[PDB]
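Right, one structure below, let's go through it.
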Amino acid sequence: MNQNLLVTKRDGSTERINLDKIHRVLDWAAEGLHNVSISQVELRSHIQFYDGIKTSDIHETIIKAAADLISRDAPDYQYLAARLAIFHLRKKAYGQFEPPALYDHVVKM
Amino acid sequence: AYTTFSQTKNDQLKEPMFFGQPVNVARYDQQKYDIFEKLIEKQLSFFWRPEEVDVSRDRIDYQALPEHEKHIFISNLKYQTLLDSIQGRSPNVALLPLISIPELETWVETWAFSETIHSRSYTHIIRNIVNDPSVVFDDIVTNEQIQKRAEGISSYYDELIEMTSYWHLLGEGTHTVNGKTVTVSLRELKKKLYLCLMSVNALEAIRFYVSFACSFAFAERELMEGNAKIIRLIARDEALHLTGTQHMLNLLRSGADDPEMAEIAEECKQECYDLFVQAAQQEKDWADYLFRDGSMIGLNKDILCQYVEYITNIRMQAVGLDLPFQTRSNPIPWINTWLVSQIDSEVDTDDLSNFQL
Amino acid sequence: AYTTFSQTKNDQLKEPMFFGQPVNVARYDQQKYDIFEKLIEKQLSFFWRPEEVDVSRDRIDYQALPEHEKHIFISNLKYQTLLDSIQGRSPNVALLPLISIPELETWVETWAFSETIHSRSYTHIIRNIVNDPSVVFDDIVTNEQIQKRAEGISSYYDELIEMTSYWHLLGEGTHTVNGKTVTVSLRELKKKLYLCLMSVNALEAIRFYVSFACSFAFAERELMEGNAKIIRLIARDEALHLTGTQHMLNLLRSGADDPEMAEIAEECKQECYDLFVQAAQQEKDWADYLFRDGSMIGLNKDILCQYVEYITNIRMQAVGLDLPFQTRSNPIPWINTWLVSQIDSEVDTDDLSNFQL
Ligand SMILES: Cc1cn([C@H]2C[C@H](O)[C@@H](COP(=O)(O)OP(=O)(O)OP(=O)(O)O)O2)c(=O)[nH]c1=O
Ligand SMILES: Nc1ncnc2c1ncn2[C@H]1C[C@H](O)[C@@H](COP(=O)(O)OP(=O)(O)O)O1
Ligand SMILES: [Mg+2]
């Protein structure tokens with residue numbers, strides 16, 4: 001009984017839900033860190049999938065999830081949740097990860 | 001040859017674990033190794049039945065799962081049904097004609113018996129989530145992705161059973177059977193026993209714990225919770241089982257039980273390392289089949305393969321084998337949950353004057 | 001040869017009980033003969049542990065017994081420990097390599113496991129009525145009146161195990177083993193299986209029930225009541241055990257499972273008859289040893305020998321054998337407790353006037 005749910009990307013468009021996108025983002029942020037768990041972040045997100053779910057709400061939830069795992073035993077989560085948030089702020093301001101040129105930005109602002 | 005009641009009156013406390021005099025009188029007031037008596041008492045106290053677990057909600061959850069998550073769950077269930085199918089009969093067939101102390105004989109029978117409850121619980125789970133269980137069971141023997149791993153594990157049992165039959169019928173020595181020459185070496189038989197126990201330890205302490213991760217990953221999402229309740233009881237048994245094979249292996253390897261066995265353990269140390277590493281690679285390969293159609297929240301190929309390497313290092317170190325994989329922190333820490341049980345208003349002005357501003 | 005997981009996909013419903021394809025996948029959703037599936041569920045429901053029974057008072061009763069009654073009780077306990085020591089391992093060793101349907105495989109393993117609980121309870125009883133359990137256990141292997149029947153009973157198991165090993169190693173045919181010629185006949189293997197099951201049926205349905213009479217006769221005197229509770233639990237299992245062997249024997253004898261087996265059952269009818277008669281005669285002699293120094297309230301040589309003839313006729317008829325003893329009523333009917341389980345004041349003057357005095 002597959003429903004084939006849709007997610008809403010940042011540019012308004014929709015596509016099939018693909019969990020590998022979430023896997024790659026977390027694997028990117030946890031690279032080089034010690035005693036962190038991609039699996040932990042996903043399961044503790046308790047992310048509720050509905051057809052048409054905003055991709056920004058998905059990402060903002062896993063930020064809170066990784067942020068709440070910052071502990072004495074797993075201190076490197078302070079950097080996992082930070083990289084997820086820096087990544088989030090790049091999209092919010094630029095629509096991509098790579099920032100524009102310093103001159104081009106000042107002109108627009 | 002093997003006898004069901006040996007005539008000799010022997011001091012059972014001085015017999016070895018294996019290949020000594022076949023057990024005659026079954027007594028439990030004394031033990032040579034009390035680890036097996038404790039394992040018996042502990043397994044009997046854990047006695048559970050599958051029907052005592054509510055699995056009614058699991059039928060709804062399963063039908064609601066995405067198509068590829070149905071695949072992950074039912075493939076992990078078929079593989080479980082296979083492994084504990086072997087484990088139901090094999091310790092009884094392969095070890096009972098070799099055991100020579102009573103506490104180990106009865107533990108092996110208790111060990112095997114507890115496995116049949118697992119086999120029955122798999123039937124219970126299957127018949128409560130699918131419409132025709134025959135579709136699920138018939139795929140266990142014919143599906144090419146499962147039976148490949150069956151013959152790897154069963155071979156160690158089969159080869160030990162065969163040499164045991166020659167050792168009982170012909171005894172040790174060089175023989176001719178239908179012209180062809182047949183050599184029966186007790187040292188080569190002790191070697192097949194050791195290698196078999198190593199295979200079973202990797203089966204119960206690595207292969208099944210990889211399967212536990214899948215069953216409990218559905219439960220961390222509050223799905224298939226009736227299955228998870230049963231798998232949790234099974235995991236509690238499986239912890240006793242691997243403890244048994246670890247204690248056998250380490251007692252054999254240290255020469256404490258049989259001095260000859262210590263060197264035989266060293267001649268196998270390379271085979272046993274390759275045996276464990278192979279099991280890990282086989283389970284890593286099995287993970288690729290589970291997620292061939294997609295992954296789920298909290299578990300994919302990489303996560304499960306990391307757990308394979310994580311749990312393999314632990315198990316192999318427990319039996320004196322070199323670690324084959326890199327050091328790693330637990331990639332699924334959530335799995336450990338399932339694998340274990342005013343103002344005092346008074347002032348003193350005189351004391352304050354005793355002070356220089 | 002024997003394999004712990006056969007690769008061929010067989011319809012397990014069309015396999016025979018014995019000598020067919022070794023069981024692969026263990027499923028319990030369907031059966032060829034559902035009698036064994038019911039025996040499994042019923043044995044699982046009876047699960048008990050020896051320590052859950054209070055046997056502390058039994059020590060006082062035992063020390064107060066007359067000297068010859070200590071003998072009667074303790075001799076019946078050594079014989080019980082002996083028989084269920086054999087029964088602990090033998091069904092697993094002798095039958096698992098021959099079973100070809102899953103429901104019968106799991107029953108035999110459950111049957112054997114439940115016997116290990118009996119062996120553990122005998123250790124429980126012994127260590128709670130005597131001061132040094134080693135005194136009792138060390139006498140079991142050497143005892144003159146026991147070892148005669150111990151080796152007699154184990155032989156049927158041993159000979160079946162031996163032929164089974166040759167049948168797996170060499171297969172059917174005429175072979176040469178170290179010069180000497182060795183013939184492997186499946187028909188002779190089916191014959192040893194049938195004779196063994198007959199011996200096991202006489203062991204569990206006659207030999208043990210003679211022992212039940214002794215254990216429960218003390219209980220009718222409110223003595224050794226902790227032992228009686230355990231023996232009562234053993235008797236409940238023992239009824240399940242002999243029912244299994246009765247169904248095996250009758251299915252083999254009636255040709256339902258194997259057409260060849262029907263003829264083999266008829267060629268053995270004389271041996272099986274002499275086998276039961278020998279067992280019955282052995283227990284009467286065993287009864288003669290028990291009361292050698294005197295009798296007790298409710299039980300002597302005549303009473304116990306009468307029960308031997310009584311229980312023997314019942315068992316032998318259950319498997320289609322001629323009755324060897326005279327018809328008799330139950331000489332100890334008390335044993336069955338332990339083995340089974342104003343005025344409507346209105347008048348109608350009209351209706352009364354409708355009457356001629
Ligand atoms: C910034 C950065 C991201 N990544 C990872 C994190 C992201 O998962 C991915 C970049 O994200 P995107 O390029 O947005 O890829 P996407 O998987 O969301 O697909 P699309 O938006 O086209 O539908 O690559 C790197 O591997 N290296 C990097 O330097
Ligand atoms: N098809 C999809 N289904 C579910 N989640 C997705 C997805 N694509 C991306 N995501 C998740 C992964 C990231 O953690 C989060 C933000 O991703 P992004 O690359 O910033 O947005 P987008 O790809 O929508 O432009 O959304
Ligand atoms: Mg993107």
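Residue numbering restarts at 1 for every chain of the structure tokens, chains are lettered A, B, ... in their displayed order, and ligands are numbered from 1 as they appear.
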Once you count only C-alpha atoms, what closest atom pair and distance in Å to one decimal does each residue of chain B within 12 Å of chain A have, with rows by chain and rising residue number, as JSON lines?
{"residue": "B:60", "atom": "CA", "partner": "A:1", "partner_atom": "CA", "distance": 10.9}
{"residue": "B:61", "atom": "CA", "partner": "A:1", "partner_atom": "CA", "distance": 10.7}
{"residue": "B:62", "atom": "CA", "partner": "A:1", "partner_atom": "CA", "distance": 9.3}
{"residue": "B:63", "atom": "CA", "partner": "A:1", "partner_atom": "CA", "distance": 6.3}
{"residue": "B:64", "atom": "CA", "partner": "A:1", "partner_atom": "CA", "distance": 5.8}
{"residue": "B:65", "atom": "CA", "partner": "A:1", "partner_atom": "CA", "distance": 6.8}
{"residue": "B:66", "atom": "CA", "partner": "A:2", "partner_atom": "CA", "distance": 4.6}
{"residue": "B:67", "atom": "CA", "partner": "A:2", "partner_atom": "CA", "distance": 5.5}
{"residue": "B:68", "atom": "CA", "partner": "A:2", "partner_atom": "CA", "distance": 8.6}
{"residue": "B:69", "atom": "CA", "partner": "A:2", "partner_atom": "CA", "distance": 9.6}
{"residue": "B:70", "atom": "CA", "partner": "A:1", "partner_atom": "CA", "distance": 9.5}
{"residue": "B:213", "atom": "CA", "partner": "A:39", "partner_atom": "CA", "distance": 11.2}
{"residue": "B:216", "atom": "CA", "partner": "A:43", "partner_atom": "CA", "distance": 11.5}
{"residue": "B:217", "atom": "CA", "partner": "A:43", "partner_atom": "CA", "distance": 8.6}
{"residue": "B:218", "atom": "CA", "partner": "A:43", "partner_atom": "CA", "distance": 10.0}
{"residue": "B:219", "atom": "CA", "partner": "A:43", "partner_atom": "CA", "distance": 10.2}
{"residue": "B:220", "atom": "CA", "partner": "A:43", "partner_atom": "CA", "distance": 6.8}
{"residue": "B:221", "atom": "CA", "partner": "A:43", "partner_atom": "CA", "distance": 6.9}
{"residue": "B:222", "atom": "CA", "partner": "A:46", "partner_atom": "CA", "distance": 10.1}
{"residue": "B:291", "atom": "CA", "partner": "A:20", "partner_atom": "CA", "distance": 11.4}
{"residue": "B:293", "atom": "CA", "partner": "A:18", "partner_atom": "CA", "distance": 11.6}
{"residue": "B:294", "atom": "CA", "partner": "A:19", "partner_atom": "CA", "distance": 8.3}
{"residue": "B:295", "atom": "CA", "partner": "A:19", "partner_atom": "CA", "distance": 7.0}
{"residue": "B:296", "atom": "CA", "partner": "A:19", "partner_atom": "CA", "distance": 6.9}
{"residue": "B:297", "atom": "CA", "partner": "A:42", "partner_atom": "CA", "distance": 5.9}
{"residue": "B:298", "atom": "CA", "partner": "A:39", "partner_atom": "CA", "distance": 4.2}
{"residue": "B:299", "atom": "CA", "partner": "A:39", "partner_atom": "CA", "distance": 6.3}
{"residue": "B:300", "atom": "CA", "partner": "A:23", "partner_atom": "CA", "distance": 8.6}
{"residue": "B:301", "atom": "CA", "partner": "A:23", "partner_atom": "CA", "distance": 10.8}
{"residue": "B:302", "atom": "CA", "partner": "A:23", "partner_atom": "CA", "distance": 9.8}
{"residue": "B:303", "atom": "CA", "partner": "A:39", "partner_atom": "CA", "distance": 7.1}
{"residue": "B:304", "atom": "CA", "partner": "A:39", "partner_atom": "CA", "distance": 9.7}
{"residue": "B:306", "atom": "CA", "partner": "A:37", "partner_atom": "CA", "distance": 10.7}
{"residue": "B:307", "atom": "CA", "partner": "A:39", "partner_atom": "CA", "distance": 10.9}
{"residue": "B:327", "atom": "CA", "partner": "A:34", "partner_atom": "CA", "distance": 11.2}
{"residue": "B:328", "atom": "CA", "partner": "A:35", "partner_atom": "CA", "distance": 8.3}
{"residue": "B:329", "atom": "CA", "partner": "A:35", "partner_atom": "CA", "distance": 5.5}
{"residue": "B:330", "atom": "CA", "partner": "A:35", "partner_atom": "CA", "distance": 7.4}
{"residue": "B:331", "atom": "CA", "partner": "A:37", "partner_atom": "CA", "distance": 5.3}
{"residue": "B:332", "atom": "CA", "partner": "A:39", "partner_atom": "CA", "distance": 6.1}
{"residue": "B:333", "atom": "CA", "partner": "A:40", "partner_atom": "CA", "distance": 7.2}
{"residue": "B:334", "atom": "CA", "partner": "A:40", "partner_atom": "CA", "distance": 7.0}
{"residue": "B:335", "atom": "CA", "partner": "A:40", "partner_atom": "CA", "distance": 10.1}
Using only C-alpha atoms and all ligand atoms, which residues of the polymer chains come no farther than 9 Å from ligand 3? I'd like the answer as a PyMOL selection string. chain A and resi 9-10+21+55+91+96
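Using only C-alpha atoms, the smallest distance between any of A:72, A:108, A:83, A:54 and residue 13 of chain A comes from A:54.
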Give me, as JSON lines, the closest atom pair and its distance (Å, one decimal) for every residue of chain B within a cut-off of 8 Å of chain C, counting only C-alpha atoms, rows sorted by chain and rising number.
{"residue": "B:1", "atom": "CA", "partner": "C:162", "partner_atom": "CA", "distance": 7.6}
{"residue": "B:2", "atom": "CA", "partner": "C:158", "partner_atom": "CA", "distance": 6.9}
{"residue": "B:3", "atom": "CA", "partner": "C:158", "partner_atom": "CA", "distance": 5.5}
{"residue": "B:4", "atom": "CA", "partner": "C:154", "partner_atom": "CA", "distance": 5.6}
{"residue": "B:5", "atom": "CA", "partner": "C:154", "partner_atom": "CA", "distance": 6.0}
{"residue": "B:7", "atom": "CA", "partner": "C:141", "partner_atom": "CA", "distance": 6.6}
{"residue": "B:8", "atom": "CA", "partner": "C:141", "partner_atom": "CA", "distance": 7.3}
{"residue": "B:9", "atom": "CA", "partner": "C:141", "partner_atom": "CA", "distance": 5.9}
{"residue": "B:24", "atom": "CA", "partner": "C:85", "partner_atom": "CA", "distance": 7.1}
{"residue": "B:25", "atom": "CA", "partner": "C:85", "partner_atom": "CA", "distance": 5.8}
{"residue": "B:26", "atom": "CA", "partner": "C:85", "partner_atom": "CA", "distance": 5.3}
{"residue": "B:27", "atom": "CA", "partner": "C:123", "partner_atom": "CA", "distance": 6.0}
{"residue": "B:28", "atom": "CA", "partner": "C:123", "partner_atom": "CA", "distance": 5.9}
{"residue": "B:29", "atom": "CA", "partner": "C:123", "partner_atom": "CA", "distance": 6.3}
{"residue": "B:44", "atom": "CA", "partner": "C:49", "partner_atom": "CA", "distance": 7.8}
{"residue": "B:81", "atom": "CA", "partner": "C:25", "partner_atom": "CA", "distance": 7.4}
{"residue": "B:82", "atom": "CA", "partner": "C:25", "partner_atom": "CA", "distance": 6.3}
{"residue": "B:85", "atom": "CA", "partner": "C:26", "partner_atom": "CA", "distance": 5.3}
{"residue": "B:86", "atom": "CA", "partner": "C:4", "partner_atom": "CA", "distance": 6.2}
{"residue": "B:88", "atom": "CA", "partner": "C:106", "partner_atom": "CA", "distance": 7.9}
{"residue": "B:89", "atom": "CA", "partner": "C:4", "partner_atom": "CA", "distance": 7.2}
{"residue": "B:90", "atom": "CA", "partner": "C:4", "partner_atom": "CA", "distance": 6.1}
{"residue": "B:92", "atom": "CA", "partner": "C:92", "partner_atom": "CA", "distance": 6.3}
{"residue": "B:93", "atom": "CA", "partner": "C:93", "partner_atom": "CA", "distance": 6.4}
{"residue": "B:96", "atom": "CA", "partner": "C:93", "partner_atom": "CA", "distance": 6.8}
{"residue": "B:97", "atom": "CA", "partner": "C:93", "partner_atom": "CA", "distance": 7.0}
{"residue": "B:105", "atom": "CA", "partner": "C:89", "partner_atom": "CA", "distance": 8.0}
{"residue": "B:106", "atom": "CA", "partner": "C:116", "partner_atom": "CA", "distance": 6.5}
{"residue": "B:109", "atom": "CA", "partner": "C:113", "partner_atom": "CA", "distance": 6.0}
{"residue": "B:110", "atom": "CA", "partner": "C:113", "partner_atom": "CA", "distance": 6.2}
{"residue": "B:112", "atom": "CA", "partner": "C:109", "partner_atom": "CA", "distance": 7.7}
{"residue": "B:113", "atom": "CA", "partner": "C:109", "partner_atom": "CA", "distance": 6.2}
{"residue": "B:116", "atom": "CA", "partner": "C:106", "partner_atom": "CA", "distance": 6.6}
{"residue": "B:119", "atom": "CA", "partner": "C:26", "partner_atom": "CA", "distance": 6.3}
{"residue": "B:120", "atom": "CA", "partner": "C:28", "partner_atom": "CA", "distance": 6.3}
{"residue": "B:123", "atom": "CA", "partner": "C:27", "partner_atom": "CA", "distance": 6.0}
{"residue": "B:127", "atom": "CA", "partner": "C:29", "partner_atom": "CA", "distance": 7.4}
{"residue": "B:133", "atom": "CA", "partner": "C:29", "partner_atom": "CA", "distance": 7.6}
{"residue": "B:137", "atom": "CA", "partner": "C:27", "partner_atom": "CA", "distance": 7.4}
{"residue": "B:138", "atom": "CA", "partner": "C:9", "partner_atom": "CA", "distance": 7.8}
{"residue": "B:140", "atom": "CA", "partner": "C:25", "partner_atom": "CA", "distance": 7.4}
{"residue": "B:141", "atom": "CA", "partner": "C:9", "partner_atom": "CA", "distance": 5.8}
{"residue": "B:142", "atom": "CA", "partner": "C:9", "partner_atom": "CA", "distance": 6.7}
{"residue": "B:147", "atom": "CA", "partner": "C:7", "partner_atom": "CA", "distance": 7.5}
{"residue": "B:150", "atom": "CA", "partner": "C:5", "partner_atom": "CA", "distance": 7.1}
{"residue": "B:151", "atom": "CA", "partner": "C:5", "partner_atom": "CA", "distance": 7.3}
{"residue": "B:154", "atom": "CA", "partner": "C:4", "partner_atom": "CA", "distance": 5.7}
{"residue": "B:157", "atom": "CA", "partner": "C:4", "partner_atom": "CA", "distance": 6.8}
{"residue": "B:158", "atom": "CA", "partner": "C:3", "partner_atom": "CA", "distance": 5.5}
{"residue": "B:161", "atom": "CA", "partner": "C:2", "partner_atom": "CA", "distance": 7.9}
{"residue": "B:162", "atom": "CA", "partner": "C:169", "partner_atom": "CA", "distance": 7.2}
{"residue": "B:165", "atom": "CA", "partner": "C:165", "partner_atom": "CA", "distance": 5.6}
{"residue": "B:166", "atom": "CA", "partner": "C:169", "partner_atom": "CA", "distance": 7.7}
{"residue": "B:169", "atom": "CA", "partner": "C:162", "partner_atom": "CA", "distance": 7.1}
{"residue": "B:175", "atom": "CA", "partner": "C:178", "partner_atom": "CA", "distance": 6.1}
{"residue": "B:176", "atom": "CA", "partner": "C:178", "partner_atom": "CA", "distance": 5.2}
{"residue": "B:177", "atom": "CA", "partner": "C:177", "partner_atom": "CA", "distance": 4.6}
{"residue": "B:178", "atom": "CA", "partner": "C:176", "partner_atom": "CA", "distance": 4.8}
{"residue": "B:179", "atom": "CA", "partner": "C:176", "partner_atom": "CA", "distance": 7.3}
For ligand 1, list the contacting residues at 6 Å or closer, counting only C-alpha atoms and all ligand atoms, as an MDAnalysis selection string. chainID A and resid 21 24:25 28 97
Quick one: everything within 7 Å of segment 206-208 of chain C, counting only C-alpha atoms, minus sequence neighbours fewer than 6 positions away in the same chain. Send it as a PyMOL selection string. chain C and resi 283+311-312
Selection to disk with N, CA, C and O atoms, as a short mmCIF file (atom, residue, chain, number, x, y, z; two decimals), in the first residue's frame:
data_model
loop_
_atom_site.label_atom_id
_atom_site.label_comp_id
_atom_site.auth_asym_id
_atom_site.auth_seq_id
_atom_site.Cartn_x
_atom_site.Cartn_y
_atom_site.Cartn_z
N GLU C 283 10.24 -56.00 35.33
CA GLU C 283 9.72 -55.15 36.39
C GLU C 283 9.19 -55.98 37.56
O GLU C 283 9.34 -55.58 38.73
N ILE C 311 -1.12 -52.92 33.76
CA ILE C 311 -0.73 -51.80 32.91
C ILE C 311 -0.13 -52.32 31.60
O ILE C 311 -0.22 -51.65 30.57
N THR C 312 0.47 -53.51 31.62
CA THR C 312 1.07 -54.06 30.41
C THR C 312 0.01 -54.38 29.36
O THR C 312 0.15 -54.01 28.19
#
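The two atoms in question, atom CA of residue 171 of chain B and atom CA of residue 172 of chain C, are spaced 21.3 Å apart.
Around residue 76 of chain A, within 7 Å and counting only C-alpha atoms, the residues found are residues 33, 34, 36, 74, 78, 79 and 80 of chain A, once anything fewer than 2 positions away on its own chain is removed.
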Let me see the file: selected residues, N, CA, C and O atoms, as a PDB file, in the first residue's frame.
ATOM      1  N   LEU A  33      33.433  13.886  12.732  1.00  0.00           N
ATOM      2  CA  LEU A  33      33.032  13.960  14.126  1.00  0.00           C
ATOM      3  C   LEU A  33      33.113  12.588  14.788  1.00  0.00           C
ATOM      4  O   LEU A  33      33.031  11.547  14.128  1.00  0.00           O
ATOM      5  N   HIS A  34      33.281  12.597  16.108  1.00  0.00           N
ATOM      6  CA  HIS A  34      33.393  11.380  16.898  1.00  0.00           C
ATOM      7  C   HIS A  34      32.136  11.168  17.727  1.00  0.00           C
ATOM      8  O   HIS A  34      31.561  12.122  18.260  1.00  0.00           O
ATOM      9  N   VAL A  36      29.065  10.370  17.111  1.00  0.00           N
ATOM     10  CA  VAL A  36      27.765  10.823  16.641  1.00  0.00           C
ATOM     11  C   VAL A  36      27.114   9.692  15.846  1.00  0.00           C
ATOM     12  O   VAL A  36      27.757   8.710  15.478  1.00  0.00           O
ATOM     13  N   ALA A  74      28.684  12.783  24.029  1.00  0.00           N
ATOM     14  CA  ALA A  74      28.774  13.055  22.598  1.00  0.00           C
ATOM     15  C   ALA A  74      28.838  14.561  22.390  1.00  0.00           C
ATOM     16  O   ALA A  74      27.868  15.188  21.947  1.00  0.00           O
ATOM     17  N   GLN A  78      27.716  19.391  18.870  1.00  0.00           N
ATOM     18  CA  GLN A  78      27.696  20.843  18.761  1.00  0.00           C
ATOM     19  C   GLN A  78      28.117  21.291  17.372  1.00  0.00           C
ATOM     20  O   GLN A  78      27.687  22.347  16.900  1.00  0.00           O
ATOM     21  N   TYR A  79      28.940  20.493  16.701  1.00  0.00           N
ATOM     22  CA  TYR A  79      29.388  20.790  15.351  1.00  0.00           C
ATOM     23  C   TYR A  79      28.484  20.171  14.296  1.00  0.00           C
ATOM     24  O   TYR A  79      28.335  20.739  13.209  1.00  0.00           O
ATOM     25  N   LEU A  80      27.877  19.019  14.591  1.00  0.00           N
ATOM     26  CA  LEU A  80      26.915  18.437  13.663  1.00  0.00           C
ATOM     27  C   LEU A  80      25.717  19.360  13.487  1.00  0.00           C
ATOM     28  O   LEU A  80      25.327  19.687  12.360  1.00  0.00           O
TER      29      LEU A  80
END
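Between ligand 2 and the candidates A:105, A:59, A:64, A:90, the tightest atom-to-atom separation, counting only C-alpha atoms and all ligand atoms, involves A:59.
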